[PDB]
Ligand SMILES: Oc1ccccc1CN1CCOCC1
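A single chain comes next, written as structure tokens; it is the form deposited without 2-[(morpholin-4-yl)methyl]phenol (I8M).
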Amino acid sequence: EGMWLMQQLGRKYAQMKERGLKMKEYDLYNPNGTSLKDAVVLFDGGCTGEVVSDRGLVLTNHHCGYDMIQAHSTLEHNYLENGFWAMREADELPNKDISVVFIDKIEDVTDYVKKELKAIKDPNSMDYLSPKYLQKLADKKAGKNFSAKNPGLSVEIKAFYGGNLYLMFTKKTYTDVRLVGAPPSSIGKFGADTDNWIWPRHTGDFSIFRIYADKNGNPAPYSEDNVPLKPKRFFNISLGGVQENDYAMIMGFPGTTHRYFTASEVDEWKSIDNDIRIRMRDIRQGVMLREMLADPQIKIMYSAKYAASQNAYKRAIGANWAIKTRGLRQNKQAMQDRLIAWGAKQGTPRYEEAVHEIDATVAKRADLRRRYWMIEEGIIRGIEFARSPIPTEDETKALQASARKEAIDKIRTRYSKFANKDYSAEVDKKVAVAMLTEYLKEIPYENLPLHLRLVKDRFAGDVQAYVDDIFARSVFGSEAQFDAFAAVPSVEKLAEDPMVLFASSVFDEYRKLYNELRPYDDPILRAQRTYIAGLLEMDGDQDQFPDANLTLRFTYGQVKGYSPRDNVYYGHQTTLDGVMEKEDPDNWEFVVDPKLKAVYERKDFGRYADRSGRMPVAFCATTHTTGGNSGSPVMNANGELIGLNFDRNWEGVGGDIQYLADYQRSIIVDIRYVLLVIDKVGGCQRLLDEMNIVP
């Protein structure tokens, strides 16, 4: 059910031990010693990773290492499609702008922060949540020259439970993290977009890196003189596998949750955020799909844009399914009613007053928030020519010195970025006509961005004519129209350009809405501090976890499948046989690697197959995870590595507001499948040899 603070391990230990945990408490998390927590890293600022050897070998997801694999790929050595397997440490590829963060120490600094906050004076100050203010307190507690006296170490204070608890983290950051291994994309991203958020899952979502450091194991930027880090702790790999009901636990960095949403915030999330994103993306994707299906060249140009739009579209459908079917609104309503009844009995009205302030703030901002989501989904991300070039103040104050050519060169660079090899003006006009037709039906004339008033005023409500006129008369409507402008440029031409005016007025409205909506965040945040304080005072902090905030957490549960719908059961484990069932040679998403297909046919599974001779691929668990948990180590009752978390099923996206015991599952790549791929596909025996594999 929860995403627990490391401090909460003491209070959860007896429940974990009854559920199957076998390791000693301090072997998992020791606040003043070495523990398993010391083998967990925040990988590249978003993902989780884990150290799996005494030479700093790190495992994370393939989608986590995707950018590094792509940056080292060329036409001659396409690592993204073929996989990468460094046969010696010297062949491991350095990565620019990478980092791994270890959580060296964690301390409760609540009383210290609350004492410092007493000097504020202004009761409505937001300093209690300010990263700048909390950094000043972190620095004061750690000392003037902390990072100079403790190289590689840094401090950070974060707020938890809406400002009712504060923790100081002592972090050790390494920036020389080299690419060691990766399966082909056919394995690393087998399901590709079709199987995103899907269980059963057959994706070998892993990649391998290595942390390098100076001669003393201290952090150091990339240098050819750097040596592999010898860490104080690494995970042992288990080859014992998993069974239904086995205890499983994860450590990682879940990003965000909204477990303390009021019922009014759940209604707002459904009726505004989700319904608008669903409606607008369905229109956009429908036009894009029609055009991609009709022209093979349009499919090539728009495939990535279509897939990117689909990600949050699918998430919103999953979230709305939970709101409709799992009683999310009703459960938040019962939580707040129970606090209100308890507050009335204790004679303290501040809790009911805080819930009232959140409801009133939500109700007040409804029209503005609807307008913001409509323009953001409908135009800002919906229409490509909304991001067409807008001449800067220095560019207009250059066209009207011979630096007219410099301004034109900068405008041309932005025009070529907008109208690139993947941009179709015809596809964009079709998308804009459908998107604007919906936007104009939903937003009244008086709330429209200034240029969109021309649809009714100048074009007699003809959206197609308004869009045609933008491209026909704009200097960014075609290459020939831009070149005619670039030969005889004038500020008068740019100031009256229909595309520039559209882009300017839609971005003006988008910013004006953002500015009007920003003040509504603070009364909700302040009321949440009081709301969560009451929930904690009423029921305690030993069943009510703090919202995720990109900090180290543990979660535990069992390896267990679930029933998605009447008469259908999805088991706890997928197999290599399931990859072969999904093979479609003429569908790029479901192509199967020839070496992997050969391994399956010859049953060359070695020590990685289960007791029945079947090769495991992935498993699912009742652990509570979210975005940020990608690459998290999944542990046995003994703390041994049994897999890597890589996804969550769509039925569990609602889990960020309310954990769903009968539907929500973490989707995990089995460590036996990771080793089978390293061994039989990569042939990288040295990686297997440096790991500590337990029978």
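Numbers for residues come from their place in the sequence shown, where the first is 1. C-alpha atoms forming the largest set that superposes within 1.5 Å between two forms make up the rigid core.
The rigid core fit leaves 330 to 338 as the farther-lying stretch in 9 other deposited structures of this protein, judged by Cα positions and set against 152 to 160 and 330 to 338. Between 441 to 449 and 255 to 263, the larger mean CA deviation from the shown form in 9 other deposited structures of this protein, after core superposition, belongs to 441 to 449. According to the entry, the stretch of the deposited sequence that connects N145 to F146 contains no residue lacking coordinates, so the chain runs unbroken between them. Judged by mean Cα B factor in the deposited record, 609 to 617 ranks above the other of 609 to 617 and 257 to 265.
Per the PDB record, of the two stretches 211 to 219 and 570 to 578, 211 to 219 carries the greater mean B-factor over its C-alpha atoms. Out of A71, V287, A319, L368, the entry records its largest CA B-factor for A71. When the Cα B-factors of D195, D273, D422, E244 are read from the PDB record, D422 comes out highest. When all modelled residues of the chain are sorted by CA temperature factor, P564 is found within the lowest third. Sort the modelled residues of the chain by CA B factor and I671 lands in the lowest third. Sorting the modelled residues of the chain by their CA temperature factor places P131 in the middle third. Sort the chain's modelled residues by C-alpha temperature factor and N311 lands in the middle third, per the entry.
Compared with the other modelled residues of the chain, the Cα B-factor recorded for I250 ranks in the lowest third.
Below, we refer to the form solved in complex with 2-[(morpholin-4-yl)methyl]phenol (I8M), which is not included among the displayed structures.
At a distance of at most 4.5 angstroms from 2-[(morpholin-4-yl)methyl]phenol (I8M) in the deposited complex, all three residues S186, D367 and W588 contribute at least one non-hydrogen atom. Of the stretches 357 to 365, 429 to 437, 456 to 464, 233 to 241, only 357 to 365 has residues with a heavy atom within 4.5 Å of 2-[(morpholin-4-yl)methyl]phenol (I8M) in the deposited complex. Although the partner is absent here, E81 is a contact residue: one of its heavy atoms lies within 4.5 angstroms of 2-[(morpholin-4-yl)methyl]phenol (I8M) in the deposited complex. Looking at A192, you'd find a heavy atom of it within 4.5 angstroms of 2-[(morpholin-4-yl)methyl]phenol (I8M) in the deposited complex.
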